[PDB]
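A.B. asks: The structure that follows is given in the form of structure tokens.
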Amino acid sequence: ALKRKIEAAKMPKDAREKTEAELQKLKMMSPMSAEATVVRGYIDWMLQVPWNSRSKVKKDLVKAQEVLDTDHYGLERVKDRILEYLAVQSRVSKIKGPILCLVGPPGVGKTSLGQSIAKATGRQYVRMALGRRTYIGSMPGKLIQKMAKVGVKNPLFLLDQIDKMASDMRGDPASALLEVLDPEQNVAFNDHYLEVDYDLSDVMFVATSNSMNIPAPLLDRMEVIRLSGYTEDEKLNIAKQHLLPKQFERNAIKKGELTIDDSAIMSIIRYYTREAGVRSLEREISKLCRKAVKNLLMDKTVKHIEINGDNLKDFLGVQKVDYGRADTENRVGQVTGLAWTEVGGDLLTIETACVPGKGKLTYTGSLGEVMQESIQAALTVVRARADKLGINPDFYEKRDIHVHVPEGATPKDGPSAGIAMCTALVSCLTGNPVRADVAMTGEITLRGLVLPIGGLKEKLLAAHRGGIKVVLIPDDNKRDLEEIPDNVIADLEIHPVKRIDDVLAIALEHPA
Amino acid sequence: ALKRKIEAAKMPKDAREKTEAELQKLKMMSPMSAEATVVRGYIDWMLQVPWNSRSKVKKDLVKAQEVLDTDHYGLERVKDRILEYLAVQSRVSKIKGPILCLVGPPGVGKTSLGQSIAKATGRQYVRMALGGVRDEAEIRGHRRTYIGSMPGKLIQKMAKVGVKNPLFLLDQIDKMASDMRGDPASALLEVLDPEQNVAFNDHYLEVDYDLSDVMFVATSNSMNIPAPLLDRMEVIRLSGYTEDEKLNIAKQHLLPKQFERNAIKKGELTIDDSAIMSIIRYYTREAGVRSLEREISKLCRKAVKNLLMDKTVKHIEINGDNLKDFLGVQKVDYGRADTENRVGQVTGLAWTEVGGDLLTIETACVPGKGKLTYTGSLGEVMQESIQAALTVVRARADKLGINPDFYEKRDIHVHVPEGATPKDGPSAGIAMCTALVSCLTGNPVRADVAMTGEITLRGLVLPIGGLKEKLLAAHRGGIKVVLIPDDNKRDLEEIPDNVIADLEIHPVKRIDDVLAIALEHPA
Amino acid sequence: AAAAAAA
Ligand SMILES: Nc1ncnc2c1ncn2[C@@H]1O[C@H](COP(=O)(O)OP(=O)(O)OP(=O)(O)O)[C@@H](O)[C@H]1O
Ligand SMILES: Nc1ncnc2c1ncn2[C@@H]1O[C@H](COP(=O)(O)OP(=O)(O)O)[C@@H](O)[C@H]1O
Ligand SMILES: [Mg+2]
């Protein structure tokens with residue numbers, strides 16, 4: 001009857017005195033009853049559990065490198081960490097220490113890394129997105145069900161959006177999954193539907209998240225891998241190599257009629273969207289392709305639709321956002337600082353006006369208090385150095401000073417752009433024009449030093465996009481210049497400075 | 001017995017084998033037991049499910065737009081989107097990816113688009129209201145072993161329509177409720193999932209049912225859709241309606257429906273366009289045409305009541321002048337241009353969520369000490385733009401003909417006249433400067449000029465937001481000339497033709513263009 | 001077996 005099926009897979013012996021136990025109980029009951037449907041169901045939900053038939057995991061790392069690079073462009077540090085995990089996985093046959101975690105903003109491909117790792121390690125992929133036998137009939141647990149459906153002993157498992165799993169409501173506690181994650185409690189994981197201990201060792205675990213808002217029994221076992229925002233050349237390379245063909249195949253556009261140029265994609269990235277990932281770019285590209293299909297059905301005269309940087313106002317609407325540019329057309333009494341944010345980088349022009357007055361100090365432009373403190377520190381640097389800069393030292397009581405930053409109703413805060421405001425103060429006090437080709441970043445102190453800043457790469461990509469040629473960084477950020485693409489290094493004349501004298505020597509067009 | 005319906009139903013092979021197997025559980029038990037009623041009702045549910053009955057989808061796009069244009073006036077981006085959809089499934093069979101979503105304020109007509117899209121696509125219409133559902137069993141039902149059990153509303157509406165490939169209008173996603181023991185946002189994620197459509201696995205119908213062919217149009221008022229569901233949808237935000245297209249919704253859709261609704265025969269009530277424009281301007285504010293529909297409805301009721309209690313007149317002509325006798329006193333009002341040039345008054349432009357309106361900016365500087373006061377319920381960005389424009393006027397002061405020691409000897413007051421309305425933003429920047437210059441020079445601002453744009457210290461006029469409402473507002477208030485930042489002129493291609501043809505729009509880079517155009521005498 | 005809604 002069913003004995004050749006229960007011996008056909010060669011289940012372990014404990015589960016076959018259980019399975020033969022309900023088989024000899026099944027010999028002493030009626031076939032047509034619903035209790036026999038529970039019995040046959042309990043037999044069926046043990047002969048689908050993968051007690052054997054492992055997948056041969058792959059050990060070489062060059063073919064794993066390219067089969068990671070066949071579906072994702074620029075997650076190089078993540079791919080490094082995965083090849084290192086496959087190196088210790090190659091030596092140690094069973095890694096049961098901590099668990100890989102992919103923290104990053106939505107839009108980067110942390111979920112499809114389960115696919116690239118899934119066919120990169122060679123094992124099978126089961127995805128779990130988190131966000132007892134009886135008369136009425138019961139399904140097995142979710143953790144076991146994925147395993148049975150996959151039917152393999154070594155299946156990669158993903159815990160997606162644990163940041164969205166633990167809500168503020170009564171739901172799943174940390175117990176039923178840290179008993180899955182811990183090494184000593186996985187030799188006997190007794191599922192409540194089957195009451196048979198099933199092993200969870202040699203099962204790779206990958207968990208993805210958008211922050212470190214993870215429950216405290218789980219954060220102990222999760223290696224936080226960070227995934228930074230994509231730059232514009234990387235978004236162009238992701239749109240052109242991986243994202244246009246999937247929209248072409250989900251829209252059935254054969255290759256002869258639609259041409260979306262590179263200036264079109266860069267026009268979408270710069271002018272039409274603001275995010276860290278490439279999801280909104282795919283809403284724009286999908287809208288572009290379906291407008292191409294509509295423009296082929298509604299007009300049978302033309303057949304090839306050419307889309308470039310000019311005709312993205314015929315499609316997609318009008319330009320929603322915009323970025324800042326270098327004001328290279330003149331050199332005036334303002335500076336161009338650098339601003340960092342989650343979406344990327346931005347130029348940040350800083351303006352001063354110094355009229356005769358009583359010495360009123362007005363700061364304007366939704367400035368945070370740390371920025372206003374940096375203006376007061378920079379003005380103290382100017383007052384301490386008033387004679388040798390050529391300034392009449394009574395300007396504290398004879399000239400009113402206004403510091404404005406143009407994008408009002410935009411909250412701006414941070415210790416950076418202190419030397420930029422010091423340069424603008426020296427400029428508007430001396431009448432010496434700041435050269436427009438120079439962007440600036442740094443933090444000023446009263447002695448005249450330049451302290452380090454953060455987010456140097458996005459400031460350098462903002463300055464490279466803006467048309468800046470010369471960037472003044474602090475000295476202790478030379479280290480961060482070890483992770484800039486060499487086209488940006490080759491185009492920007494980066495000067496690491498350490499004082500305000502090195503700043504005013506370069507940034508002012510006349511000597512002081 | 002009933003094998004001819006199991007065979008003639010043409011089910012998939014798993015549904016066929018377990019229905020035939022369940023009938024071969026049925027035909028050896030007594031028909032008066034409970035189990036024969038359970039499996040008999042289950043067989044009847046399995047027979048009334050549309051396994052393969054599929055409706056034909058339209059392929060024409062001219063006639064589909066003719067269908068869409070006879071229910072709704074001006075949802076042109078949504079109608080274009082549905083024509084893109086019908087354009088794409090003339091190549092592929094089933095659309096994969098996200099579903100449609102219609103987000104908007106109440107009254108914009110995003111629920112009554114369900115029959116319009118179902119007619120324009122030739123698909124059968126099913127609506128399911130999700131305004132207060134708490135349990136998953138409205139989506140997934142209960143098991144067969146329960147006594148009063150049945151499928152959820154999904155399978156029951158598929159059987160109610162009797163045809164696979166319908167159109168769904170998930171009516172209110174943002175109003176669903178959470179509860180213990182189940183949550184219909186998870187089950188609704190199982191509905192909307194493209195890799196779980198073919199295997200739905202309802203609790204009563206343990207078979208898998210294919211839901212990949214069903215169209216999904218969902219509707220909401222806000223972006224408060226849950227993140228498990230909001231990342232599977234395509235948000236199409238329906239904005240407010242302008243006064244001209246509210247007039248066209250009223251003329252073409254609301255007036256015959258309310259004449260038919262209050263049973264008005266031909267020639268006993270007419271309403272011209274001046275009365276309707278007086279309703280839109282003077283009696284309603286909201287974005288949508290539901291309150292306009294109510295005011296038209298009460299015009300019709302007062303027409304009926306004034307007819308059957310007079311019996312002498314047989315015709316009532318409502319226009320913009322006798323509307324006070326019907327609706328009453330004008331509840332709201334809009335700003336208008338001044339009729340003569342004032343010496344400290346500029347017309348700013350403002351944007352709200354129901355449209356735009358003319359601001360007035362009134363400055364007055366008197367002989368005083370150095371002191372400077374701001375009134376009119378101003379935000380910090382607004383006041384901060386005022387003092388930014390003030391230091392624009394303190395620089396270049398001898399160029400403007402201003403005595404440059406004025407700030408130590410004049411008291412400057414800046415006041416927007418509404419008082420109780422909070423007014424914030426930098427967009428009243430280059431207007432503000434102008435008024436200051438005017439009160440410091442005695443040069444009267446010409447009253448035909450509206451101004452918008454934030455100002456910087458060197459004089460540049462940086463862009464704004466919400467231009468179309470400001471241009472429609474200025475065109476409403478008798479303004480002839482408006483001043484705009486230069487790189488907002490792109491938005492000039494999305495303005496109607498009469499507003500462009502009736503306004504004298506000047507793109508402006510620097511504050512000297514503003515002072516050259518907006519003042520009466522040369523600076 | 002019969003379902004029963006609890007609060
Ligand atoms: N553009 C339009 N043309 C003609 N009629 C319209 C238009 N927009 C709305 N209507 C009418 O307004 C009425 C109310 O619309 P509907 O009930 O769809 O509003 P809604 O946006 O769904 O409101 P809520 O979001 O509060 O449910 C409908 O009967 C519809 O006929
Ligand atoms: N480096 C990349 N190369 C190719 N495609 C990418 C890359 N990064 C992101 N994507 C695309 O962006 C999408 C992001 O979606 P996904 O990662 O599944 O959601 P989440 O970001 O919430 O985890 C993916 O479908 C993927 O196709
Ligand atoms: Mg509605």
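As shown in the structure tokens, the chain order sets the letters A, B, ...; within each chain, residues go from 1, and ligands are also counted from 1 in the order they appear.
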Excluding stretch 132-146 of chain A and any residue of its chain fewer than 6 positions from it, enumerate the residues within 9 Å of it, using only C-alpha atoms, and give them as an MDAnalysis selection string.
C.D. replies: (chainID A and resid 34:35 37:38 41:42 45 49 126 157 177 180 191:195 198) or (chainID B and resid 143:146) or (chainID C and resid 1)
A.B. asks: Just the selected residues (N, CA, C and O atoms), exported as a PDB file, in the first residue's frame, please.
C.D. replies:
ATOM      1  N   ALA A  34     -13.184  11.180   8.041  1.00  0.00           N
ATOM      2  CA  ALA A  34     -12.344  12.372   8.025  1.00  0.00           C
ATOM      3  C   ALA A  34     -11.152  12.250   8.964  1.00  0.00           C
ATOM      4  O   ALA A  34     -10.141  12.932   8.758  1.00  0.00           O
ATOM      5  N   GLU A  35     -11.251  11.401   9.991  1.00  0.00           N
ATOM      6  CA  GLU A  35     -10.091  11.111  10.825  1.00  0.00           C
ATOM      7  C   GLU A  35      -9.027  10.373  10.023  1.00  0.00           C
ATOM      8  O   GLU A  35      -7.826  10.605  10.208  1.00  0.00           O
ATOM      9  N   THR A  37      -8.719  10.991   6.870  1.00  0.00           N
ATOM     10  CA  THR A  37      -8.163  12.065   6.054  1.00  0.00           C
ATOM     11  C   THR A  37      -7.087  12.825   6.824  1.00  0.00           C
ATOM     12  O   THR A  37      -6.090  13.262   6.234  1.00  0.00           O
ATOM     13  N   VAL A  38      -7.248  12.944   8.146  1.00  0.00           N
ATOM     14  CA  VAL A  38      -6.195  13.524   8.979  1.00  0.00           C
ATOM     15  C   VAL A  38      -4.981  12.596   9.035  1.00  0.00           C
ATOM     16  O   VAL A  38      -3.831  13.054   9.025  1.00  0.00           O
ATOM     17  N   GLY A  41      -3.313  12.649   5.634  1.00  0.00           N
ATOM     18  CA  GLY A  41      -2.665  13.946   5.530  1.00  0.00           C
ATOM     19  C   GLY A  41      -1.383  14.018   6.337  1.00  0.00           C
ATOM     20  O   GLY A  41      -0.388  14.590   5.886  1.00  0.00           O
ATOM     21  N   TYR A  42      -1.382  13.419   7.530  1.00  0.00           N
ATOM     22  CA  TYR A  42      -0.184  13.410   8.363  1.00  0.00           C
ATOM     23  C   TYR A  42       0.901  12.519   7.771  1.00  0.00           C
ATOM     24  O   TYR A  42       2.092  12.777   7.976  1.00  0.00           O
ATOM     25  N   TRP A  45       2.235  14.814   4.853  1.00  0.00           N
ATOM     26  CA  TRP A  45       3.076  15.917   5.296  1.00  0.00           C
ATOM     27  C   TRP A  45       4.311  15.452   6.059  1.00  0.00           C
ATOM     28  O   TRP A  45       4.904  16.242   6.801  1.00  0.00           O
ATOM     29  N   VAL A  49       8.622  16.163   3.450  1.00  0.00           N
ATOM     30  CA  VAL A  49       9.680  16.843   4.204  1.00  0.00           C
ATOM     31  C   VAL A  49      11.036  16.358   3.702  1.00  0.00           C
ATOM     32  O   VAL A  49      11.249  15.139   3.587  1.00  0.00           O
ATOM     33  N   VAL A 126      14.296  29.608  -1.060  1.00  0.00           N
ATOM     34  CA  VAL A 126      13.010  29.684  -0.404  1.00  0.00           C
ATOM     35  C   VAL A 126      12.997  31.064   0.222  1.00  0.00           C
ATOM     36  O   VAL A 126      13.939  31.438   0.911  1.00  0.00           O
ATOM     37  N   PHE A 157      17.450  30.482   3.046  1.00  0.00           N
ATOM     38  CA  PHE A 157      16.248  31.033   3.651  1.00  0.00           C
ATOM     39  C   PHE A 157      16.401  32.526   3.886  1.00  0.00           C
ATOM     40  O   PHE A 157      17.428  32.979   4.387  1.00  0.00           O
ATOM     41  N   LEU A 177      11.770  32.312  15.871  1.00  0.00           N
ATOM     42  CA  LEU A 177      12.777  32.427  14.827  1.00  0.00           C
ATOM     43  C   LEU A 177      14.199  32.491  15.368  1.00  0.00           C
ATOM     44  O   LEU A 177      15.139  32.191  14.621  1.00  0.00           O
ATOM     45  N   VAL A 180      15.211  29.119  15.489  1.00  0.00           N
ATOM     46  CA  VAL A 180      15.681  28.716  14.173  1.00  0.00           C
ATOM     47  C   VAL A 180      17.108  29.195  13.930  1.00  0.00           C
ATOM     48  O   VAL A 180      17.927  28.484  13.341  1.00  0.00           O
ATOM     49  N   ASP A 191       8.546  20.486  15.079  1.00  0.00           N
ATOM     50  CA  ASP A 191       7.421  21.226  14.528  1.00  0.00           C
ATOM     51  C   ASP A 191       6.138  20.782  15.218  1.00  0.00           C
ATOM     52  O   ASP A 191       5.933  19.585  15.446  1.00  0.00           O
ATOM     53  N   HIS A 192       5.281  21.748  15.563  1.00  0.00           N
ATOM     54  CA  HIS A 192       4.093  21.456  16.359  1.00  0.00           C
ATOM     55  C   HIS A 192       3.059  20.638  15.599  1.00  0.00           C
ATOM     56  O   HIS A 192       2.266  19.932  16.228  1.00  0.00           O
ATOM     57  N   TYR A 193       3.052  20.707  14.269  1.00  0.00           N
ATOM     58  CA  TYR A 193       2.128  19.878  13.505  1.00  0.00           C
ATOM     59  C   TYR A 193       2.611  18.438  13.413  1.00  0.00           C
ATOM     60  O   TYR A 193       1.798  17.508  13.418  1.00  0.00           O
ATOM     61  N   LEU A 194       3.924  18.231  13.340  1.00  0.00           N
ATOM     62  CA  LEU A 194       4.455  16.898  13.092  1.00  0.00           C
ATOM     63  C   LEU A 194       4.938  16.189  14.347  1.00  0.00           C
ATOM     64  O   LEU A 194       5.065  14.960  14.322  1.00  0.00           O
ATOM     65  N   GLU A 195       5.227  16.950  15.421  1.00  0.00           N
ATOM     66  CA  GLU A 195       5.879  16.508  16.677  1.00  0.00           C
ATOM     67  C   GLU A 195       7.090  15.592  16.441  1.00  0.00           C
ATOM     68  O   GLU A 195       7.388  14.697  17.235  1.00  0.00           O
ATOM     69  N   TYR A 198      13.132  17.923  13.461  1.00  0.00           N
ATOM     70  CA  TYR A 198      13.728  18.040  12.138  1.00  0.00           C
ATOM     71  C   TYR A 198      14.878  19.033  12.190  1.00  0.00           C
ATOM     72  O   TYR A 198      14.745  20.115  12.766  1.00  0.00           O
TER      73      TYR A 198
ATOM     74  N   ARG B 143     -12.749  27.013   6.603  1.00  0.00           N
ATOM     75  CA  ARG B 143     -12.563  25.633   6.177  1.00  0.00           C
ATOM     76  C   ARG B 143     -13.905  24.942   5.947  1.00  0.00           C
ATOM     77  O   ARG B 143     -14.955  25.394   6.396  1.00  0.00           O
ATOM     78  N   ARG B 144     -13.853  23.808   5.247  1.00  0.00           N
ATOM     79  CA  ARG B 144     -15.057  23.043   4.941  1.00  0.00           C
ATOM     80  C   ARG B 144     -15.657  22.367   6.167  1.00  0.00           C
ATOM     81  O   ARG B 144     -16.844  22.028   6.152  1.00  0.00           O
ATOM     82  N   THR B 145     -14.869  22.165   7.225  1.00  0.00           N
ATOM     83  CA  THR B 145     -15.348  21.438   8.393  1.00  0.00           C
ATOM     84  C   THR B 145     -16.274  22.268   9.268  1.00  0.00           C
ATOM     85  O   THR B 145     -17.010  21.697  10.080  1.00  0.00           O
ATOM     86  N   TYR B 146     -16.250  23.591   9.135  1.00  0.00           N
ATOM     87  CA  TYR B 146     -17.123  24.441   9.929  1.00  0.00           C
ATOM     88  C   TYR B 146     -18.557  24.350   9.419  1.00  0.00           C
ATOM     89  O   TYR B 146     -18.816  24.000   8.266  1.00  0.00           O
TER      90      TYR B 146
ATOM     91  N   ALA C   1     -17.850  20.844  14.730  1.00  0.00           N
ATOM     92  CA  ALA C   1     -16.948  21.985  14.826  1.00  0.00           C
ATOM     93  C   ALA C   1     -17.602  23.237  14.257  1.00  0.00           C
ATOM     94  O   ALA C   1     -18.063  23.243  13.120  1.00  0.00           O
TER      95      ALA C   1
END
A.B. asks: Residues within 9 Å of ligand 3 should be enumerated using only C-alpha atoms and all ligand atoms and returned as a list in words.
C.D. replies: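 Using only C-alpha atoms and all ligand atoms, everything at most 9 Å from ligand 3 comes to residues 106, 107, 108, 109, 110, 111, 112, 171, 172, 219, 220 and 221 of chain B.
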A.B. asks: Throw together the list of residues within 10 Å of ligand 1, counting only C-alpha atoms and all ligand atoms, and drop it here as a CSV table (one decimal) with C-alpha atoms, in the first residue's frame.
C.D. replies:
chain,number,residue,atom,x,y,z
B,69,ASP,CA,-15.3,60.7,-22.3
B,70,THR,CA,-19.1,60.2,-21.8
B,71,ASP,CA,-19.0,59.7,-18.1
B,72,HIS,CA,-16.1,62.0,-17.0
B,73,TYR,CA,-14.9,65.3,-18.3
B,74,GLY,CA,-11.3,66.0,-17.5
B,75,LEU,CA,-9.3,63.1,-16.0
B,76,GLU,CA,-7.1,63.2,-19.0
B,102,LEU,CA,-6.6,56.1,-7.7
B,103,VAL,CA,-5.7,58.5,-4.8
B,104,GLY,CA,-7.6,61.7,-4.4
B,105,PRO,CA,-9.6,64.1,-2.3
B,106,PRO,CA,-13.3,63.2,-1.9
B,107,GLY,CA,-15.6,64.1,-4.8
B,108,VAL,CA,-13.1,63.8,-7.6
B,109,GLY,CA,-14.8,60.8,-9.2
B,110,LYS,CA,-12.4,57.9,-8.6
B,111,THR,CA,-15.0,55.3,-7.6
B,112,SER,CA,-17.4,56.1,-10.5
B,113,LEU,CA,-14.5,55.3,-12.8
B,114,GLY,CA,-14.9,51.6,-12.2
B,171,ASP,CA,-12.9,50.6,-3.1
B,172,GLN,CA,-11.0,51.7,0.1
B,219,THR,CA,-9.0,53.5,-4.7
B,220,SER,CA,-7.9,55.6,-1.8
B,221,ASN,CA,-8.0,59.1,-0.4
B,222,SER,CA,-4.5,59.2,1.2
B,238,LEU,CA,-6.2,62.8,-9.0
B,240,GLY,CA,-8.5,69.1,-7.8
B,241,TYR,CA,-10.7,70.4,-10.5
B,245,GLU,CA,-13.7,72.1,-15.8
B,246,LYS,CA,-16.0,72.2,-12.8
B,248,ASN,CA,-18.0,71.6,-17.7
B,249,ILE,CA,-18.7,68.8,-15.2
B,250,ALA,CA,-21.7,70.8,-14.2
B,251,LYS,CA,-23.0,71.6,-17.7
B,252,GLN,CA,-22.3,68.2,-19.2
B,253,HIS,CA,-22.8,65.7,-16.4
B,254,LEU,CA,-24.4,67.2,-13.3
B,257,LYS,CA,-28.5,64.1,-13.9
B,287,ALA,CA,-11.8,70.0,-4.6
B,288,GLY,CA,-14.5,67.9,-6.2
B,289,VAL,CA,-18.0,68.2,-7.6
B,290,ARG,CA,-20.1,66.6,-4.9
B,291,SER,CA,-20.9,69.9,-3.1
B,292,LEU,CA,-21.5,71.6,-6.5
B,293,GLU,CA,-23.9,68.7,-7.2
A.B. asks: With 8 Å as the limit and counting only C-alpha atoms, what residues in chain A lie close to chain B? Please list them as a PyMOL selection string.
C.D. replies: chain A and resi 32+131+136+170+250-252+290-291+293-294+297-298+318+351-353+355+357+364-366+402+404-406+408-409
A.B. asks: Show me which residues are within 8 Å of ligand 2 counting only C-alpha atoms and all ligand atoms, and format the list as a list in words.
C.D. replies: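 The distance check yields residues 71, 72, 73, 74, 75, 104, 105, 106, 107, 108, 109, 110, 111, 112, 113, 160, 161, 208, 209, 210, 234, 238, 239, 241, 242, 243, 277, 278 and 279 of chain A.
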A.B. asks: Can you tell me which residues surround residue B:351 at a distance of at most 7 Å, considering only C-alpha atoms, apart from same-chain residues fewer than 4 positions away, and format the answer as a list in words?
C.D. replies: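 Final neighbour list, sorted by chain and number: residues 355, 356, 357, 466, 469 and 470 of chain B.
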A.B. asks: Would you put the residues from that selection into a file with N, CA and C atoms, as a compact mmCIF listing (two decimals), in the first residue's frame?
C.D. replies:
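File result_28.txt, as written:
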# COMPACT_ATOMS: atom_id res chain seq x y z
N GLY B 355 -6.96 75.31 -4.64
CA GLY B 355 -6.72 76.29 -5.68
C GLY B 355 -5.85 77.42 -5.19
N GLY B 356 -5.84 78.54 -5.91
CA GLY B 356 -5.04 79.68 -5.55
C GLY B 356 -5.89 80.91 -5.31
N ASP B 357 -5.23 81.94 -4.77
CA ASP B 357 -5.93 83.19 -4.52
C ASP B 357 -4.91 84.32 -4.50
N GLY B 466 3.50 75.24 -7.78
CA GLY B 466 2.08 75.46 -7.92
C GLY B 466 1.74 76.66 -8.79
N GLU B 469 -2.30 77.07 -10.51
CA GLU B 469 -3.32 77.63 -9.63
C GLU B 469 -3.14 79.13 -9.45
N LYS B 470 -1.89 79.61 -9.46
CA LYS B 470 -1.64 81.04 -9.32
C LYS B 470 -2.01 81.79 -10.59
A.B. asks: With only C-alpha atoms as the counted atoms, please give the residues lying no more than 10 Å from stretch 489-495 of chain A, apart from itself and same-chain residues fewer than 3 positions off, as a PyMOL selection string.
C.D. replies: chain A and resi 438-440+460-461+463-464+467-475+478+481-486+498+502-503+506
A.B. asks: Using backbone DSSP assignments, extract all helix (DSSP H, G or I) residues from stretch 312-496 of chain A; output them as a PyMOL selection string.
C.D. replies: chain A and resi 369-384+395-398+418-430+456-466+475-483+486-491
A.B. asks: Could you please take those selected residues and save C-alpha atoms as a PDB file, in the first residue's frame?
C.D. replies:
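The resulting file, out.pdb, is shown below:
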ATOM      1  CA  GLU A 369      21.448  76.088  15.385  1.00  0.00           C
ATOM      2  CA  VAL A 370      24.718  74.231  14.743  1.00  0.00           C
ATOM      3  CA  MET A 371      25.047  76.116  11.449  1.00  0.00           C
ATOM      4  CA  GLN A 372      24.394  79.458  13.169  1.00  0.00           C
ATOM      5  CA  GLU A 373      27.051  78.527  15.724  1.00  0.00           C
ATOM      6  CA  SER A 374      29.404  77.831  12.818  1.00  0.00           C
ATOM      7  CA  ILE A 375      28.656  81.291  11.386  1.00  0.00           C
ATOM      8  CA  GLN A 376      29.465  82.860  14.751  1.00  0.00           C
ATOM      9  CA  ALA A 377      32.668  80.803  14.964  1.00  0.00           C
ATOM     10  CA  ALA A 378      33.669  81.784  11.420  1.00  0.00           C
ATOM     11  CA  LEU A 379      32.946  85.453  12.141  1.00  0.00           C
ATOM     12  CA  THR A 380      35.094  85.155  15.264  1.00  0.00           C
ATOM     13  CA  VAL A 381      37.882  83.778  13.044  1.00  0.00           C
ATOM     14  CA  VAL A 382      37.488  86.843  10.821  1.00  0.00           C
ATOM     15  CA  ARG A 383      37.504  89.226  13.807  1.00  0.00           C
ATOM     16  CA  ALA A 384      40.639  87.586  15.221  1.00  0.00           C
ATOM     17  CA  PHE A 395      33.312  96.090  11.250  1.00  0.00           C
ATOM     18  CA  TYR A 396      31.704  94.390  14.266  1.00  0.00           C
ATOM     19  CA  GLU A 397      30.024  97.715  15.115  1.00  0.00           C
ATOM     20  CA  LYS A 398      30.015  99.567  11.781  1.00  0.00           C
ATOM     21  CA  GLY A 418      32.045  76.646   8.207  1.00  0.00           C
ATOM     22  CA  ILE A 419      35.054  77.549   6.080  1.00  0.00           C
ATOM     23  CA  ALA A 420      32.667  78.349   3.230  1.00  0.00           C
ATOM     24  CA  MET A 421      30.931  80.935   5.391  1.00  0.00           C
ATOM     25  CA  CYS A 422      34.314  82.205   6.582  1.00  0.00           C
ATOM     26  CA  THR A 423      35.343  82.592   2.924  1.00  0.00           C
ATOM     27  CA  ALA A 424      32.109  84.449   2.163  1.00  0.00           C
ATOM     28  CA  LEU A 425      32.665  86.761   5.150  1.00  0.00           C
ATOM     29  CA  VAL A 426      36.266  87.538   4.124  1.00  0.00           C
ATOM     30  CA  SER A 427      34.970  88.043   0.574  1.00  0.00           C
ATOM     31  CA  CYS A 428      32.145  90.475   1.339  1.00  0.00           C
ATOM     32  CA  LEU A 429      34.290  92.346   3.878  1.00  0.00           C
ATOM     33  CA  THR A 430      37.356  92.719   1.644  1.00  0.00           C
ATOM     34  CA  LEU A 456      32.671  63.166   1.146  1.00  0.00           C
ATOM     35  CA  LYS A 457      31.787  60.952  -1.839  1.00  0.00           C
ATOM     36  CA  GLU A 458      28.300  62.380  -2.416  1.00  0.00           C
ATOM     37  CA  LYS A 459      29.681  65.900  -1.978  1.00  0.00           C
ATOM     38  CA  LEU A 460      32.283  65.121  -4.646  1.00  0.00           C
ATOM     39  CA  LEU A 461      29.668  63.669  -7.000  1.00  0.00           C
ATOM     40  CA  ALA A 462      27.449  66.696  -6.414  1.00  0.00           C
ATOM     41  CA  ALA A 463      30.439  68.922  -7.143  1.00  0.00           C
ATOM     42  CA  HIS A 464      31.306  66.891 -10.237  1.00  0.00           C
ATOM     43  CA  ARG A 465      27.727  67.064 -11.538  1.00  0.00           C
ATOM     44  CA  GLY A 466      27.476  70.784 -10.787  1.00  0.00           C
ATOM     45  CA  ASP A 475      43.297  67.163   5.228  1.00  0.00           C
ATOM     46  CA  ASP A 476      41.952  64.254   7.298  1.00  0.00           C
ATOM     47  CA  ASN A 477      39.513  63.363   4.486  1.00  0.00           C
ATOM     48  CA  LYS A 478      42.339  62.394   2.077  1.00  0.00           C
ATOM     49  CA  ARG A 479      41.631  58.875   3.361  1.00  0.00           C
ATOM     50  CA  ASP A 480      38.120  59.018   1.890  1.00  0.00           C
ATOM     51  CA  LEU A 481      39.663  59.884  -1.496  1.00  0.00           C
ATOM     52  CA  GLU A 482      40.656  56.200  -1.608  1.00  0.00           C
ATOM     53  CA  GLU A 483      37.039  55.394  -2.577  1.00  0.00           C
ATOM     54  CA  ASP A 486      38.920  57.907 -11.021  1.00  0.00           C
ATOM     55  CA  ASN A 487      36.919  59.863 -13.590  1.00  0.00           C
ATOM     56  CA  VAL A 488      35.753  62.064 -10.711  1.00  0.00           C
ATOM     57  CA  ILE A 489      39.326  62.287  -9.389  1.00  0.00           C
ATOM     58  CA  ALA A 490      40.527  63.044 -12.923  1.00  0.00           C
ATOM     59  CA  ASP A 491      37.977  65.834 -13.420  1.00  0.00           C
TER      60      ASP A 491
END
A.B. asks: When you count only C-alpha atoms, which of these residues is closest to residue B:320: B:215, B:304, B:343, B:276?
C.D. replies: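 Closest candidate: B:276.
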A.B. asks: When you look at residue B:338 with a cut-off of 12 Å (counting only C-alpha atoms), what residues show up, excluding the ones that are within fewer than 2 positions of it in the same chain? I need them as a list in words.
C.D. replies: residues 335, 336, 340, 341, 342, 343, 345, 346, 347, 358, 359, 360, 445, 446, 447, 448, 449, 450, 477, 478, 479 and 480 of chain B
